[PDB]
Amino acid sequence: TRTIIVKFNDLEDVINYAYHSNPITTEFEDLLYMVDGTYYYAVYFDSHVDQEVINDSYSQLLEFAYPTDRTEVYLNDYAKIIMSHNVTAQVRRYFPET
Amino acid sequence: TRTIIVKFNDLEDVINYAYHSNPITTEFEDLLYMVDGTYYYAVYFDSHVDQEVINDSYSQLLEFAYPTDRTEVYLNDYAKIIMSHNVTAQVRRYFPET
Amino acid sequence: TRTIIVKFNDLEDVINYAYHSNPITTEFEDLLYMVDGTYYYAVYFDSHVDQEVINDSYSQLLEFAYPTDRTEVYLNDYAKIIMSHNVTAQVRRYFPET
Amino acid sequence: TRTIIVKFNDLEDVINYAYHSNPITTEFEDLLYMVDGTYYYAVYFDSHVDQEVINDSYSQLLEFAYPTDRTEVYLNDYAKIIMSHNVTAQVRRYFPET
Amino acid sequence: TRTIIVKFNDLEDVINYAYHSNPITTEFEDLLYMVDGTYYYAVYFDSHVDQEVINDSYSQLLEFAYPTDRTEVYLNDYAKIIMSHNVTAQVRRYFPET
Amino acid sequence: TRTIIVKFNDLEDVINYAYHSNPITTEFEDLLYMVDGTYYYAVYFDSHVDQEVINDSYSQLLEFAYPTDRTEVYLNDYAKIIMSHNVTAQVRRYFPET
Amino acid sequence: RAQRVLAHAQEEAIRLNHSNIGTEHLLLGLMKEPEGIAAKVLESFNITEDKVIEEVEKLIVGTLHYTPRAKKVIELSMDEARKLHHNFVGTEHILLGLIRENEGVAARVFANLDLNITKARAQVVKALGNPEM
Amino acid sequence: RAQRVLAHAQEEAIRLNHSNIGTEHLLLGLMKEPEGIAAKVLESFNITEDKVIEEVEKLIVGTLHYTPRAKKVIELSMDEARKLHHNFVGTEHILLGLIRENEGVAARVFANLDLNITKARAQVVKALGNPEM
Amino acid sequence: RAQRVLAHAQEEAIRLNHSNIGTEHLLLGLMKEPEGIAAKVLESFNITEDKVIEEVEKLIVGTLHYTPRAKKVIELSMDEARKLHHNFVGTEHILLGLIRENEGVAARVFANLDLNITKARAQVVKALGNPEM
Amino acid sequence: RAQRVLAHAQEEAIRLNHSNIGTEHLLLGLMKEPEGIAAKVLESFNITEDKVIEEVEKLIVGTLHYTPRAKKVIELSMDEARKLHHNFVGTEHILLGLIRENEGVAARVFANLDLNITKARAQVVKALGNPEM
Amino acid sequence: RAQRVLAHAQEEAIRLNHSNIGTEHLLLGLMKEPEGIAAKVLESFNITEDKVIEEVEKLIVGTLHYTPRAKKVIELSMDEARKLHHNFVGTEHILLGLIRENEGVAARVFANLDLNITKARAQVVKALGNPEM
Amino acid sequence: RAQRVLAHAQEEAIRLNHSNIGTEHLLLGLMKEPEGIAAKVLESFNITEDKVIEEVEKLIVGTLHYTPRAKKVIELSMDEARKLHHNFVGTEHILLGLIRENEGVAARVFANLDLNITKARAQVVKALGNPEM
Amino acid sequence: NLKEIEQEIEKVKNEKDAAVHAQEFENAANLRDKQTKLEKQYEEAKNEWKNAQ
Amino acid sequence: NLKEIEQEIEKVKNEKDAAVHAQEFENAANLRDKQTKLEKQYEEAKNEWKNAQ
Amino acid sequence: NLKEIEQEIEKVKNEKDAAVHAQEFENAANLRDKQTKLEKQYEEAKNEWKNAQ
Amino acid sequence: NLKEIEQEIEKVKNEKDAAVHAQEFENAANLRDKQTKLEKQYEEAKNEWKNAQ
Amino acid sequence: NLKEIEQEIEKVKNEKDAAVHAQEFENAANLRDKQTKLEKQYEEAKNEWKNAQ
Amino acid sequence: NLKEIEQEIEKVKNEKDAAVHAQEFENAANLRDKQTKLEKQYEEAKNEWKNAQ
């Protein structure tokens, strides 16, 4: 694959990820889909990134978020894209932490 | 077989056969048997008549008669022979038309 | 096959087909039968018209008609031919649109 | 075997055999035993007679007598010998006919 | 085996054996054990006496005594020796005939 | 294995072993553990001792101790080490005889 | 309905000068109405007018009557119309008659032309039934 | 019933100057009535009268009587009429007698002329039964 | 819900000057909404808009109406909403409609593009379901 | 009954100066009574008297007695009469005794003359039973 | 109980300057308590501290907290103690936690070091259970 | 009963100058009493006294006592008396004890001398049971 | 009364069957004629019965 | 009532079907037009009723 | 009252069997004749019975 | 009396979720701040009530 | 009363069996003789009983 | 009244176990001595109880 998707049960968990994640330094783009009040985070890597660096990054995500319960195909149709290309930076800009 | 036997439920059906049959022109002798108030008719062909001309003749009989329910040996033992060799002609001579 | 055969539940559906359809331009003749207050439409194709152009034409018909529930053998016996050779044109001549 | 044994239910049947039987002219000895008020007739053929003339003679006996219901060894043990070697002649001397 | 053992239900049967048996003249030694009010007689043959002379001598004993119901090792452990080497002679000297 | 572990249900049984064992003269170290008020004795043989002499030594211990109901790794984690290297001598010094 | 097949079965027999109207004349009566289900089915088995005529010829006065079996065939055809379907007889029901009443001249013509009886029954039933199954 | 099958046995016994009438004189009786079902059946096994005479002569008071087994087989033939033929024992019933009472001189003549007793029974039963089942 | 797919169907029909709006125009509609589950699924079977246009063109005035079968496809898609998406019938339910209503022009475009219909159903169901089994 | 056989046993024991009357003296007993079922059966296995005499000599005052097992055999033979005979206990019942009480001198002489004991039982039963079942 | 595992986890996290205490920092915690059942089990599968460190390094401010999954791992380990003992949680239960909650960094360290999850479970169970079955 | 084997065990231990009465001193005690069932059984497996002595020497102060397992063995042998010999007990029951309590120095000697426990038990049971099956 | 004829039918029928079994064909033919006439007469009585209802 | 026209629609519909079965297309067309008018009138009454409800 | 002979028949028949068991054939023959005579007399009584019936 | 507060939490929660769905992150952030303050006021009432019991 | 001796038989039996178990064959032989005499006396009483019966 | 020992001796046992768990072997040995003395005192009371019946 080139794409990974994880489900965040609430905005607080996304803010947790935005502050406390230390992601593997990798070339990728990200998107924040939302439906039904649930947040879905998706990352699309460059074609040159190997599948195992992707699996590593994906497993680092699972520390904070669940595996997705909706396919990419479904989300690209039904879900509102809230933010794009630099989700974590945008979150950390708009949301402070205590 | 050299011989064919069929059953007539009543004298009227024999009279019908005697007037209104037009049999295949064939070399044979015939016999009329009676038992149980019930008529049986038997035709004996020459040895030169083939099995299939016999079958064709037999199928023509079934237009009026039933198939026999008694074996030839049984009839030859128990049945009274009523008429011989010219059964149809003798019937049509003794009995008026339908 | 040389022939295809479809069922119209009512005259209005045939009038629909007469106005609101345009077949693959093809060398064919047609017949309209009725039984049971129910309309049946048959098309006869010249032998140079291949099986698949026929399947094409047939699949266009199914947009309006159902598949037949009576064989051609049955219909040629029991069914009154209502029109021949120019069925659609005749319908459009005798009946106005909606 | 060379020994034939048959059972006579009553003295009258033995007398019947003694008068009416016409046995095959054959070289044998005969013995008459009794047990249980019931008569057993036994024949001991010469070795030079063949087995089928024996079966023949035996089958002629079955016209009058039953097949034996006791083995020869049993009878030679328990049964009283009544007469020997010329049983039929002795019977026909002692008893008048029917 | 070199050894044969038989059970005598009572002293009278041993006295019977001692008077009435005459053995196959054979080179052997004998022992008389007691348990449970019950007598066990055992014979040890010379090694040159063959298995079948032993089986003969054994089968003569069964005329007076039962087969043993206890093993050799059991009797050698638990059973009291009553007499040795000349059991029959000792019995016949100590006891009169019936 | 190079190490052997056995269970003593009470201090008196250990004192019994300490006085009344005459162990195979062998190069080893020993450790005494306790959990649940229940003693466990463990022996660590030198690599030049063969596994069969180890088995022989172990089977001498079974005269007093039970076989262990807890693994080495469990005891090394949870169990308090009570004595080391000279367990028998230390017991026999601290405690008077049975 | 199919009454024409009888009406010219008589004409067939009369032109043949036969003293009887037998199951062969019923069969020829069916061949004379090529619109019919029965004619189409038999033609699908390559049973046809001329062949039937030549077989009836090699197999073979006052006014004519049905043979005692021809009568029974007609009655039996009406019984073959006692299905759930029963509104009328037609040429199919007469042919179902000749197929069930497997005796007499017509049944011999069938055997003499190698027609399979149960295969014909199935072919008719399939011709009547809804082809959507 | 054709009792003539019995009412000849004295004549054969007298011709042979025998002193009894037995199951083989019954068998000769069946041969002496070639109308009979029994004669036809046995002829279908090629058990012709001349061979029966030959074998009976080979195996073999003035007034004459039935042997005790001949008496039994007649009364057993009247038991075969409990195949619902009232008291009209025919030649077929006598033959079913001799077939059931498989002892005595007749049973030897059958074994000596290689008759399969079960096939003889089957042939008689098929001769009596409806040939179209 | 992407009701726009119907607007595409009507506009394509008008663009081609057809006198009817049919299942081919529904299919062309689905290819005009590449967001949709249906467009992705068809593209996963390598059905793609240009090939659909060419197939429809080779396969086949005034105001326009749906064909009598296109009407039934729409209603039937609102029965595929018995997957409980309730009022929010969508491109997936339309495509499941065309997959159940396996007749008419669309079904032949599928046959010409070799699409396995039951695999297409499974593919849609798998796209809708939770990928955690 | 067969009491003549015991009268033999005494006399053989006296002749051989034995101090006991055992199962071997019963077996030699039976051989003076060739009338007997038992003597015939044993002769049918070729167990003739001269052989038994030699074997009994190879296997081997005045106020003689039956051995404790001979007594047992006699009692057991009267139990074999529970084959619904009255108390007339023939030679066969004694032999069935020796066959069931398979110990002692006689039971060894059987093995020494290769007698199949169960076949001997069967042979006696077949000699007693109805030979036509 | 060896709560010291968590102290080691936090100290390693701080030493690595990572802003989170995750399942890998737990796993590094276990490898720093070599008394523990967990360390012995992992060492028996030839997983060892230096290998774990180098895997965590290739897999990967101020006050810091457990990751949302690490919290669930701890709660799940207590649920294992509440099955086996109800008595105190220990290193074996933390390892059983990581073995059941098979997601996150630790699960990938196990996959990189080829450890069979079920075999590790079995090994822990057999370490706890009575070796006499 | 052969309580003497316990005296033999103690006297052997004394002459060996050991400080315990163990299961091997019991086993030697059994070898000292060659009349016993147990001695005969072990001799039938060629477990000769001299080999037992040599193995015990190879395998291995004041007043002295039974080891806790020697006590266990004695009590268990008085439970093998539940074969209902419990009016007494004997060498056979002690040896069944040493078999059933399959640990300690005696069981080592048995394994070292290849003595199959199941065969030994079967041999003892057969020695006690009635040899008439 | 209509039901007065069928007995005569059975009588004449059985007489016919016996006569033909006797090979008295000329007599059996006249008996057949009688049976036919009586049958026609019975059918006419049945026709009257039909018209009576 | 309202319920006065459906039976007339049935009548005209059957007459239409008979006329077209007779191949009287010029008549059948006018019958179909009448049926359409009656259908529209029925629908208008049905919607008046829908509002009167 | 008929039933006065069958017991005498039994007696004579039993004596006959015993006599022939003794090989006393001449006595058995005379007893057999007597049995036959009494059997005929019983059949005569049975005929009187049959005719009185 | 904590039961006065709970529904106020849900009001702000839903408003926040709508605001972020609108991409109004400024409003969503302020709503989150309010939600947090209300959460602490809720926990204040909660642990006060715990201690009062 | 006859039922007076069997217990003495049992006594002598047991004494005999003990004596012979002691290898005391002289006593065992005399005890056997006594038992035999008592057995004859018991049988004699049993015959007197049988004859009184 | 015997049972007054059982609690004290069990207390001593528990204290012995604790002392040896503390590795206080010399103290645990004195606890063992006390235990043994109480064991014999129990046996004395148990002998009195036995001999009283």
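Residues numbered from 1 in each chain as written, not as in the entry; some residues may be left out. Chains lettered and ligands numbered in written order. Heavy atoms only, no water.

As documented in the archive entry, the model was determined using cryo-EM at 3.5 Å resolution.

The name recorded for chain M in the PDB entry is ATP-dependent Clp protease ATP-binding subunit ClpC, from Staphylococcus aureus.

Going by the PDB entry, chain A carries the name Adapter protein MecA and comes from Staphylococcus.

1. Observations regarding the environment of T98 of chain B
All names here are of chain B. For clarity, the threshold we go by: A run of H or I in DSSP becomes a helix once it reaches four residues, and a run of E becomes a strand once it reaches two; helices and strands are each numbered from the N terminus. The buried label applies to any residue whose accessible area, calculated with a 1.4 Å probe on protein chains only, is under 20% of its type's maximum; exposed applies above 50%, and partly exposed to all values in between. Pairs of N or O atoms are called polar contacts if they sit within 3.5 Å, as long as, within protein, a hydrogen donor faces a hydrogen acceptor (for residues adjacent in sequence, only side-chain-to-side-chain pairs).
One can find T98 in the segment after helix 4 (87–94). Residue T98 is classed as partly exposed on the basis of its relative accessible area of 48%. The sequence separation of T98 and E12 amounts to 86 residues, and the corresponding C-alpha distance is 8.0 Å. At 3.3 Å, the side chain of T98 and the side chain of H20 are in polar contact.

2. Section: the sheet that holds strand 1 (residues 3–8) of chain B
To summarise the sheet geometry, strands pair through backbone hydrogen bonds and adopt either a parallel or an antiparallel arrangement. Residue and element names in this part refer to chain B. So the rule is basically this: DSSP calls a pair of strands paired once it identifies at least 2 bridges connecting them. Whether two residues are in contact is decided by their heavy atoms: any pair within 4.5 Å suffices. Throughout, an axis means a line fitted to C-alpha atoms (over the contacting stretch in the case of helices), and angles, computed between N-to-C directions, take values from 0 to 180 degrees.
In space, the five strands of this open sheet follow the order 4-1-3-2-5, with antiparallel pairing throughout. Of all strands in the sheet, those with a lone pairing partner are strand 4 (66–67) and strand 5 (80–84), marking the two edges. In terms of strand pairing, strand 1 meets strand 3 (residues 38–45) through six bridges, oriented antiparallel. Note that in strand 3 the partner of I5 across the bridge is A42. Across the sheet, helix 2 (residues 51–61) lies against strand 1, strand 3 and strand 4, angled at about 5 degrees from strand 1, the strand it touches most.

3. Examining the packing of helix 5 (residues 68–80) of chain J against helix 6 (residues 91–100) of chain J
Residue and element names in this part refer to chain J. Just so we agree on the cut-off: An angle below 35 degrees is read as roughly parallel, one above 145 as roughly antiparallel, one from 65 to 115 as roughly perpendicular, and any other as oblique. The hand of a helix crossing depends on one turn: near helix anticlockwise from the far one by less than a right angle means left-handed, and clockwise means right-handed.
Look at helix 5 against helix 6: their axes get within 8 Å of each other, and the N-to-C directions meet at 115 degrees. Looking at the two axes, helix 5 sits roughly perpendicular to helix 6. Seen along the crossing, helix 5 lies across helix 6 with a hand that is right-handed. Here helix 5 contributes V73, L76, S77, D79 and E80 to the contact with helix 6, which in turn contributes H93, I94, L96, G97, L98 and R100.

4. Points about the interface of chain J and chain E
To be explicit about the condition: Here, a salt bridge means any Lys or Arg side-chain nitrogen found within 4 Å of an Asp or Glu carboxyl oxygen. Side-chain classes follow a simple rule in which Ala, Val, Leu, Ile, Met, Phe, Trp, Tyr, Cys and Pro form the nonpolar group, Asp, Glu, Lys and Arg form the charged group, and the remainder, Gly included, forms the polar group.
Taken together, the contact between chain J and chain E spans 16 residues of the former and 14 residues of the latter. In this structure, the connection of chain J to chain E is made through one salt bridge. Here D56 of chain E makes a salt bridge to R108 of chain J, at a shortest N to O gap of 2.6 Å. The tally of links from chain J across to chain E stands at seven residue pairs in polar contact. Counting residues per element, the ones that place at least two in the side of chain J that touches chain E are helix 2 (23–30), helix 5 and helix 7 (105–112) of chain J. With three residues, the single largest contributor to the side of chain J that touches chain E is helix 5 of chain J. Here the side of chain J that touches chain E is composed, by residue class, of five nonpolar, seven polar and four charged.

5. Concerning unusual backbone geometry
If you check the backbone angles, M133 of chain L has positive phi at about 50 degrees while not being a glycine. Tracing the sequence through the fold places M133 of chain L in the segment after helix 8 (117–128). Relative accessible area serves as the criterion here: at 90%, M133 of chain L is assigned to the exposed category. Positive phi, close to 60 degrees, is recorded for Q23 of chain O, a residue that is not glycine. The exposure class of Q23 of chain O is partly exposed, given its relative accessible area of 38%.

6. Comments concerning helix 2 (residues 25–52) of chain N
For clarity, the threshold we go by: A helix's residues, less one, multiplied by 1.5 Å, set its expected span.
Here helix 2 of chain N contains 28 residues, and its C-alpha end-to-end distance of 40 Å stays within 8% of the 40 Å for a straight helix at 1.5 Å per residue. Along helix 2 of chain N, the positions that sit buried rather than exposed are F25, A28, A29, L31, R32, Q35 and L38 of chain N. Those residues of helix 2 of chain N that are buried lie in contact with helix 1 (11–19), strand 5 (80–84) and helix 4 (87–94) of chain C together with helix 1 (6–21) of chain N.

7. Looking at the sheet that holds strand 4 (residues 66–67) of chain C
A sheet is described by the order of its strands in space; here five strands give the open sequence 4-1-3-2-5 (chain C), paired in antiparallel fashion. Taken across any chain shown, the strands that pair with only one partner, and hence form the sheet edges, are strand 4 and strand 5 of chain C.

8. A short note on the interface of chain A and chain P
What counts is decided by this rule: By definition, the buried area sums, over both parts, the 1.4 Å-probe accessible area that each loses when the two are put together.
On the chain P side, the residues contacting the 14 residues of chain A number eleven residues. For the pair chain A and chain P, the two sides together bury roughly 1200 Å², of which 59% comes from carbon and sulfur. Our count for the chain A to chain P interface comes out at two salt bridges. The salt bridge partner of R32 of chain P is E12 of chain A, with a shortest N-O separation of 2.9 Å.

9. Observations concerning the packing of helix 6 (residues 91–100) of chain G against helix 8 (residues 117–128) of chain G
All names here are of chain G. As a packed pair, helix 6 and helix 8 sit with axes 10 Å apart at the nearest point and diverge in direction by 155 degrees. Taken together, the axes of helix 6 and helix 8 lie roughly antiparallel to each other. You can see that helix 6 and helix 8 cross each other, and the crossing is left-handed. Here helix 6 contributes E92, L95, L96, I99 and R100 to the contact with helix 8, which in turn contributes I117, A120, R121, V124 and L128. Looking at side-chain class alone, the contact of helix 6 with helix 8 contains seven nonpolar, no polar and three charged residues.

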